[PDB]
Amino acid sequence: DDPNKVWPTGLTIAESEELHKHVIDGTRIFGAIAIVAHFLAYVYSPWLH
Amino acid sequence: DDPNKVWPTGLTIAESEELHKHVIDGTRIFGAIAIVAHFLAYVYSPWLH
Amino acid sequence: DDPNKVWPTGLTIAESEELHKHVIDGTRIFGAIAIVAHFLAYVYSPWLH
Amino acid sequence: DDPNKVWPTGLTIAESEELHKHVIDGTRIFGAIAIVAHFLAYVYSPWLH
Amino acid sequence: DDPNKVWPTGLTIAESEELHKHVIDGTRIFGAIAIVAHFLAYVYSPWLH
Amino acid sequence: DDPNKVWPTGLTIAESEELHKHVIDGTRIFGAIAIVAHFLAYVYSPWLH
Amino acid sequence: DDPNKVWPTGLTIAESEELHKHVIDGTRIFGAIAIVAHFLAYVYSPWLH
Amino acid sequence: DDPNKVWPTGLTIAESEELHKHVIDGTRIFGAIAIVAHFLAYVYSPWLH
Amino acid sequence: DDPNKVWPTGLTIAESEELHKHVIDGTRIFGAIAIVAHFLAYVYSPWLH
Amino acid sequence: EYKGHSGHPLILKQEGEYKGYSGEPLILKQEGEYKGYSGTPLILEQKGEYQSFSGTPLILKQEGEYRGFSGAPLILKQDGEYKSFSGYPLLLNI
Amino acid sequence: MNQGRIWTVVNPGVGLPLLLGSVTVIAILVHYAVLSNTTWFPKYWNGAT
Amino acid sequence: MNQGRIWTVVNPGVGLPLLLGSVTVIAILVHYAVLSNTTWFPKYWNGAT
Amino acid sequence: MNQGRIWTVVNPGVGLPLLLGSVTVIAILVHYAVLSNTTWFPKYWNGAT
Amino acid sequence: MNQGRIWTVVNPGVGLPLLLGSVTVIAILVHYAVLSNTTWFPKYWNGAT
Amino acid sequence: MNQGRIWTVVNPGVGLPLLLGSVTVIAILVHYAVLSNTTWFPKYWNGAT
Amino acid sequence: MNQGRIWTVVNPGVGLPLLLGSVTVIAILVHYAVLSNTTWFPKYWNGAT
Amino acid sequence: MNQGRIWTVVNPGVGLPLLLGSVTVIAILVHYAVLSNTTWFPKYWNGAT
Amino acid sequence: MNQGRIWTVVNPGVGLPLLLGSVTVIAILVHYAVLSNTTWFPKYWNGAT
Amino acid sequence: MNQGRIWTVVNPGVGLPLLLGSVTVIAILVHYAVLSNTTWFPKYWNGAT
Ligand code: BCL
Ligand code: BCL
Ligand code: BCL
Ligand code: BCL
Ligand code: BCL
Ligand code: BCL
Ligand SMILES: CC(C)=CCC/C(C)=C/C=C/C(C)=C/C=C/C(C)=C/C=C/C=C(C)/C=C/C=C(C)/C=C/C=C(\C)CCCC(C)(C)O
Ligand SMILES: CC(C)=CCC/C(C)=C/C=C/C(C)=C/C=C/C(C)=C/C=C/C=C(C)/C=C/C=C(C)/C=C/C=C(\C)CCCC(C)(C)O
Ligand SMILES: CC(C)=CCC/C(C)=C/C=C/C(C)=C/C=C/C(C)=C/C=C/C=C(C)/C=C/C=C(C)/C=C/C=C(\C)CCCC(C)(C)O
Ligand SMILES: CC(C)=CCC/C(C)=C/C=C/C(C)=C/C=C/C(C)=C/C=C/C=C(C)/C=C/C=C(C)/C=C/C=C(\C)CCCC(C)(C)O
Ligand SMILES: CC(C)=CCC/C(C)=C/C=C/C(C)=C/C=C/C(C)=C/C=C/C=C(C)/C=C/C=C(C)/C=C/C=C(\C)CCCC(C)(C)O
């Protein structure tokens, strides 16, 4: 292998992994907001009551 | 790394961040107008009453 | 920076801003006609009556 | 400026303006026919009666 | 100007005009058949009766 | 003019005309089968009865 | 003419005809299976009864 | 003919035939699972009963 | 054959197989979560009861 | 490097072969010819002319001009300017 | 008959299929419209009671 | 009449088919709207009772 | 039979699939129309009462 | 009035047709909405009872 | 059987997927048509009363 | 405010039209939803009884 | 089994996604068909009466 | 968190707009589902009786 | 597990987005199906009577 290898997308392995950190953080941030939204829905809607 | 590196989109890092300032400011402008629209809707519609 | 820089769209900054003058003026013209159309709708339709 | 400048579409300013003459004249022709069609509709349909 | 100028579509002015003769003639032929079809519809359907 | 001129589609005039012979012959054959299908529909369905 | 002429699709006349043999044979096999399917439908469904 | 001839897709005849082995095997495996699914449907659903 | 042969997608055989390991592992992880979801659905819904 | 808000870690490192979370093996190797699970043969080899299953012939050979099955002529020859069928003129040239 | 130069800026390979296609689609839409909004057109197909 | 330079940045091969196409689609939509929301337009086609 | 030169400006790889495709789509639409607006066509499939 | 540089990264040949097209589509949607959810708009077209 | 040269002007990579795709779509459409317009086909799936 | 580098891998000529377009489509969908699921929004347009 | 050479004229990157995609779409269509036209399939999901 | 190398074979300019776009579409679909299949969600918007 | 070489002929930039996209679409379709054809799933969201 070669860490300097430019892959067909133009990104190196290090660049692809650094990019994915934004995707994982974005997913976790979306999940945290969704968890609060589900808690509010449970507290105010008749769901699960 | 190199701050002068032209990425596959043709924009440099400095150019991409300068562009995003318009997106962030545009989102804030859209949000402010939407907040006023929600206040008007609450005052005049039966929602939340 | 360089004002002569041709951007990926082929337009320079001066050319893009000159083009946008038509979009801003066009939006104002569309808005002016829409304001008159809303006045006619209010005068003749039962909306807001 | 340069009137001989070939723009990205391949047309010069003079060629673009000459082309637009057909669009403006075509719009006027479509408008004239539409005005007659609206006159016939008023004379024969119950609209505005 | 130059009558030999090959335009972006690859056709010259003379070739574009010669092509349009088929479109104009084709439109006239379609119109002629449509006129007959409308006559038959009037004779056999209750439209305009 | 020149009959050997390769047009933008890659076909010569003679090749385009030879190709069109199949389109005309195919249209005539489709028409013949459609005529028989319409005859069968008339003989067996209540259409035109 | 030249039978070795590579046409715009990349196939020669001989290669295009050889390919069409599979299309004709595939059409005939599809027809044979469709004929049996229509026979079974007639024997078991109320169609044509 | 030439078995080394690279065709327009980039695959040789031998490579295309080897690829088709996966397509045929995949079809046969899909069929076997579909046969079991139809047997289970027959045993548990009212179809064919 | 040659394991260093770059195929039309740009991936070598070794790279395609290493990529597929993520596809198989992803399918197995998706399946495991789906199995738990089906167990919860059975325990809480009237399905299969 | 990126400093996310949702704590750390954000990604898992990999210095070699991918390790499956769902155990192993993850793929099956091949020593040569594809070994199908649905028995053999998987394909029929072609030694020459395409051996049809629905009899022969499969195509009609063409010699010279196209032999129209719906009589003749199939096209109208054009010499010079286009012969209008809806009278004249057909254009208003500039 | 004065728009003959349109084929110098609109590609015939695009504009001719769109023209013939749109004319055909409009004709189908007019048939479906009269069929859905009239009683005599469906009765014509139903024929003998 | 002052937008004539639009064809220097918008390709006529794209903007002219879209213009003529959109104008035609809008006309069809207006016909369907008046046809669906009025009694006199369908009765006009139905003609004699 | 006089339009044979259309294949010099319309690419057969595009116009022939569109022709055969459109003719087939039109035929399907006519079948669905007569099937939906008549009683004898659905009854034909229903066969024995 | 401060977004004039958007045409340096968004191609006018794309953004201008999309802008003018979207504005037109939105206007159509608002007309259809008021037409479907009000009695005075359809009555306006129906006119004299 | 005389159309074998169509593959010299229609690319097999386009015409063969379109053919097999269209034939499959037509078959699906005929099944849905007979299923919706007959009582015996849905009853066949419903099986035992 | 930390995603400013997204424009180095996502082309602004694509992502900016998609962002502005999607935001506009979402607003339309929310308006249609409240209009269809409430009585006060349509009554607002209907105005005077 | 004799069609193995199809991959010399149909690109696997196109034909394989289309094949696997179509087969999946067909399966979905058959499930929706039996679900809509039978009582036992929806009752199976409804479970306990 | 181990799929970080996916951006070496999937272009971020495509996969990131598709990811964010799909997530947004799914949220819209879930909102429409709960809105159509519950009474408390529409009643929440209707507010005061 | 033996199909690992598919990525040598199917581009991962296409097949991976299609796979993950299709799987997500299938899940949405199954949720909509059970929601529409069962009473307990909508009742679950409606919660307390
Ligand atoms: C404040 C909420 C932040 C957050 C802030 C932190 C902090 C601070 C830490 C971590 C740490 C961790 N986080 Mg985090 N993290 C969040 C979302 C997530 C989600 C997810 C929702 O799917 C996951 C799987 C993770 C994953 C993880 C691990 C990598 C790590 C160790 C385990 C752990 O749970 O620690 C404990 C994690 C928590 C107590 C929070 C988990 C998220 C909860 C469930 C979100 C609900 C809403 C929250 C209460 C209020 C915010 C609402 C706003 C509207 C967003 N984070 C959100 C975006 N995370 C820890 C670590 O090891 O860092 C080095 C750590 O110190
Ligand atoms: C804990 C849930 C994890 C998981 C963790 C493990 C672990 C841990 C091991 C395997 C091992 C194996 N796994 Mg795994 N695996 C899961 C999902 C799957 C799925 C699937 C859902 O479709 C499949 C087909 C497989 C496939 C396999 C085989 C390659 C192998 C079993 C060989 C054997 O005979 O072992 C005989 C049995 C054993 C050695 C021990 C028991 C392992 C059993 C067979 C795992 C069954 C998982 C089951 C299908 C899914 C349960 C999901 C839960 C309901 C959440 N995994 C999920 C993601 N898997 C084993 C192996 O060979 O690794 C080298 C192993 O040790
Ligand atoms: C275990 C189920 C496996 C399978 C395993 C095998 C095995 C094992 C063998 C074959 C062999 C053959 N298979 Mg296989 N095969 C399956 C699916 C298929 C399907 C299909 C579903 O459409 C087809 C058309 C074929 C085609 C064929 C022929 C190329 C060949 C000769 C069969 C025959 O009747 O020989 C005449 C009869 C016999 C030789 C003995 C009896 C039949 C044997 C046992 C194979 C029957 C498979 C049957 C169609 C599967 C139906 C689905 C299952 C019931 C669930 N396979 C599935 C995926 N196949 C055989 C061969 O010739 O290999 C060299 C062989 O030994
Ligand atoms: C077994 C079913 C096979 C089949 C096997 C054969 C065989 C075997 C032969 C042909 C032969 C012929 N086939 Mg074939 N063929 C089938 C499907 C078709 C279909 C179609 C369904 O649309 C067509 C149009 C054809 C076309 C033809 C002609 C080129 C030729 C018959 C005329 C002639 O010169 O006969 C001259 C020969 C004879 C008169 C001998 C008797 C042939 C009989 C009449 C069978 C003809 C095929 C018949 C239409 C198939 C119907 C199948 C349905 C399932 C019922 N085949 C299917 C896929 N075909 C014949 C030929 O010329 O081969 C060199 C031949 O011997
Ligand atoms: C057998 C059915 C075949 C067919 C076989 C033939 C044959 C055989 C001949 C023609 C000939 C002609 N055909 Mg052809 N043709 C068919 C379909 C068509 C269709 C169509 C359905 O739209 C059209 C427009 C044509 C067009 C024509 C002309 C080019 C030409 C007559 C010139 C003239 O003035 O003759 C004046 C009149 C005559 C010479 C004699 C009487 C007419 C002859 C018998 C042709 C009538 C065909 C008729 C239009 C379509 C019948 C369809 C069936 C009822 C299903 N064919 C189908 C596919 N055609 C003729 C020609 O000139 O060939 C060199 C000829 O001999
Ligand atoms: C037979 C049906 C043919 C047809 C055959 C002819 C013939 C034959 C002639 C023309 C001529 C003319 N045609 Mg033409 N034409 C048709 C369809 C059309 C349509 C249309 C439907 O939209 C249009 C706009 C035209 C346009 C014209 C003019 C350019 C010109 C008359 C100008 C003049 O000097 O008048 C005064 C001219 C005369 C009094 C001579 C006779 C004019 C004929 C009667 C005009 C018929 C047009 C009419 C709209 C056709 C309706 C369809 C039928 C009901 C089937 N044609 C169809 C396709 N056309 C003429 C020409 O070329 O002049 C130089 C001519 O001689
Ligand atoms: C649906 C409900 C209920 C409600 C909705 C209500 C609603 C919103 C309605 C809205 C309606 C609107 C907006 C209508 C707008 C209509 C317009 C604008 C029409 C315009 C017509 C233009 C034409 C005809 C142009 C022809 C151009 C032409 C022929 C150009 C020719 C060019 C050439 C020859 C090239 C030259 C090359 C070289 C220079 C070298 O010579
Ligand atoms: C839905 C409801 C209720 C209401 C809606 C109502 C409503 C709005 C309806 C609107 C209807 C409209 C607008 C209809 C318009 C119809 C028109 C315009 C028809 C035009 C037909 C044109 C034809 C037939 C052209 C043939 C061209 C041809 C054959 C060209 C051939 C070219 C060649 C051979 C190349 C030569 C190359 C070389 C020069 C080198 O030789
Ligand atoms: C919906 C309701 C109620 C009402 C709506 C009613 C309504 C509006 C209906 C309208 C219907 C219409 C308009 C129908 C029109 C039908 C037509 C036009 C059919 C045409 C068929 C053409 C065929 C079959 C062509 C085959 C070509 C072929 C085989 C070509 C072969 C070429 C080759 C071999 C290449 C050679 C290369 C080299 C020269 C080098 O050898
Ligand atoms: C229909 C019914 C009834 C029911 C349906 C039920 C059903 C099936 C539901 C399914 C739901 C599912 C599956 C939900 C899934 C949700 C997911 C996965 C959310 C993911 C969010 C991801 C985010 C937010 C990513 C942000 C990325 C970001 C910001 C990336 C930034 C990148 C940068 C800056 C480039 C840097 C480059 C360099 C570093 C080189 O400079
Ligand atoms: C309608 C009704 C009632 C009923 C409908 C009934 C019906 C038909 C249902 C059908 C259902 C079906 C068929 C379901 C199928 C589900 C499947 C197959 C799921 C597959 C999941 C796959 C995954 C999760 C893949 C992840 C890949 C991944 C993460 C890949 C990562 C790759 C990387 C990192 C690149 C590395 C590159 C390098 C190594 C070179 O560096």
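Residues numbered from 1 in each chain as written, not as in the entry; some residues may be left out. Chains lettered and ligands numbered in written order. Heavy atoms only, no water.

Draft legend 1. View of the packing of aromatic side chains. Applying the stated rule across the entire model yields 18 aromatic pairs over all chains. Ring centres of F41 of chain S and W45 of chain S lie 4.9 Å apart, and the angle between their planes is 70°; this geometry places the pair in the edge-to-face category. With a gap of four residues between them, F41 of chain S and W45 of chain S both fall in helix α2 (residues 40-46), about one helical turn apart. Among the residues examined, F41 of chain S registers a relative accessible area of 13% and is labelled buried. A relative accessible area of 17% means that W45 of chain S is categorised as buried. Of the aromatic side chains, those joined through ring pairs into one cluster are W40, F41 and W45 of chain K. Cation over ring: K5 of chain B sits above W7 of chain B, and NZ or CZ is 5.0 Å from the ring centre. (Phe/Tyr/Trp six-rings, centres within 6.5 Å; stacked < 30°, edge-to-face > 60°. Helix = DSSP H or I, 4+ residues; strand = E, 2+ residues; numbered from the N terminus. Buried < 20%, exposed > 50% of the residue type's maximum accessible area, 1.4 Å probe, protein only. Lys NZ or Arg CZ within 6 Å of the ring centre and 35° of its normal.)

Draft legend 2. View of the arrangement of the chains. Separated in space, chain A and chain F share no contact, their closest pair of C-alpha atoms being 33 Å apart. Over all C-alpha pairs, chain B and chain J never come within contact, reaching a minimum spacing of 12 Å. (Contact = heavy atoms within 4.5 Å.)

Draft legend 3. Geometry of the interface of chain R and chain A. Contact residues are listed per partner, giving 14 residues for chain R and 16 residues for chain A. For the pair chain R and chain A, the summed buried area comes to about 1,200 Å², and 75% of that belongs to carbon and sulfur atoms. Run the count over chain R and chain A and you get four residue pairs in polar contact. No other element matches the four residues that helix α1 (residues 12-37) of chain R contributes to the side of chain R that touches chain A. Along the lines of polarity and charge, the residues of the side of chain R that touches chain A split into nine nonpolar, four polar and one charged. (Buried area = accessible area lost by both parts, 1.4 Å probe. Polar contact = N/O pair within 3.5 Å; in protein donor to acceptor, adjacent residues only side chain to side chain. Nonpolar A, V, L, I, M, F, W, Y, C, P; charged D, E, K, R; others polar.)

Draft legend 4. Focus on the site of ligand 6. In the neighbourhood of ligand 6, the contacting residues comprise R28, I29, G31, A32 and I35 of chain E together with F85, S86, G87, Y88 and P89 of chain J. Around ligand 6 the close residues trace back to chains E and J. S86 of chain J places a polar main-chain atom, nitrogen or oxygen, 3.2 Å from a nitrogen atom of ligand 6. One of the backbone N or O atoms of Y88 of chain J is found 2.8 Å from an oxygen atom in ligand 6. Residues of the shell around ligand 6, tallied by class, amount to six nonpolar, three polar and one charged. (Near = heavy atom within 4 Å.)

Draft legend 5. Summary view of the site of ligand 10. Neighbouring ligand 10 are 19 residues, the closest being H22, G26 and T27 of chain A, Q3 of chain P together with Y32 of chain S. Burial of ligand 10 by the protein chains amounts to 79% of its free accessible area of 1,100 Å². Listing elements by their share of the shell around ligand 10, those giving two or more residues are α1 (13-44) of chain A, α1 of chain R together with α1 (12-37) of chain S. The greatest single-element share of the shell around ligand 10, amounting to six residues, is contributed by α1 of chain A. Here the residues of the shell around ligand 10 are counted per class, giving 12 nonpolar, five polar and two charged. (Areas by Shrake-Rupley, 256 points an atom, 1.4 Å probe, with all protein chains shown as cover.)

Draft legend 6. Molecular detail of the UniProt feature "transmembrane region" (unreviewed entry) in chain K. Look at the UniProt record and you will see "transmembrane region" (unreviewed entry) annotated at residues 14-35 of chain K. Helix makes up 100% of residues 14-35 of chain K and strand 0%, whereas the separation of the span's terminal C-alpha atoms amounts to 31 Å. (UniProt positions renumbered as here; feature names shortened; annotations may be inferred.)

Draft legend 7. Quick look at helix α1 (residues 12-36) of chain O. For α1 of chain O, spanning 25 residues, the distance from its first C-alpha to its last is 35 Å, which sits close to the expected 36 Å at 1.5 Å a residue. By the burial criterion, the buried members of α1 of chain O are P12, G15, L16, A33, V34 and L35 of chain O. Buried residues along α1 of chain O sit in contact with α1 (13-44) of chain G, α1 (12-37) and α2 (40-46) of chain M, α2 (40-46) of chain O together with α1 (12-37) of chain Q. (Expected span 1.5 Å × (residues − 1).)

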